[PDB]
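Participant:
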Amino acid sequence: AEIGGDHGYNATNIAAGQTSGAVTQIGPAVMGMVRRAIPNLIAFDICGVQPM
Amino acid sequence: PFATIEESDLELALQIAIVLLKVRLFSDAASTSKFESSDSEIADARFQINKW
């Protein structure tokens, strides 16, 4: 009676939407983007700061 | 049926019979008692979805 079915928990199918029953999904959602943090700077005042 | 019909092809020979009143299309409604005896094989409807 038209089971929902699900992806085989195989990343190849889950992104494409390949399902096991009916109603193949449009695609995955978007939970956001994460990016590597910017390293901080060490203050330059330790050495002489003479603008040339 | 198919006695006076000499056509070899099964499909066409069947088609000849429909016009000549030999056979009858049975697309027809069901008698009321068919869905009440608590043993009622009720036809199912299926759907599928594919993505292009």
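Residue numbers (the deposited numbering), protein chains in the order written: chain v, 66 to 117; chain a, 115 to 166.
We treat Cβ as the ideally placed atom computed from N, Cα and C, and that holds for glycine.
Among the residues of its own chain, which have a CB less than 8 angstroms from the CB of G69 of chain v, if the five just before and after it don't count?
Facilitator: Once the five neighbours on either side are set aside, the close Cβ partners of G69 of chain v are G86, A87 and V88.
Participant: Between the alpha carbons of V133 of chain a and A143 of chain a, how many angstroms are there, rounded?
Facilitator: Approximately 22 angstroms between the Cα atoms of the pair.
Participant: In whole angstroms, what is the alpha-carbon distance linking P116 of chain v and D110 of chain v?
Facilitator: Whole-angstrom Cα-Cα distance: 12 angstroms.
Participant: Quick check: what's the CA-CA separation for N75 of chain v versus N164 of chain a?
Facilitator: Roughly 19 angstroms between the two C-alpha positions.
Participant: Compare the C-beta of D123 of chain a with all C-beta atoms of chain v and state if any pair is closer than 8 angstroms.
Facilitator: Judged by the 8 angstroms Cβ criterion, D123 of chain a is not in contact with chain v.
Participant: Hey, out of v:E67, v:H72 and v:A80, whose CA is closest to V95 of chain v's CA?
Facilitator: Measuring from the Cα of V95 of chain v, the nearest candidate turns out to be v:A80.
Participant: Are the C-beta atoms of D158 of chain a and some chain v residue less than 8 angstroms apart?
Facilitator: Yes, its Cβ sits closer than 8 angstroms to a Cβ of chain v.
Participant: Consult DSSP for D123 of chain a and reduce its assignment to one of helix, strand or coil.
Facilitator: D123 of chain a: coil per DSSP, three-state reduction.
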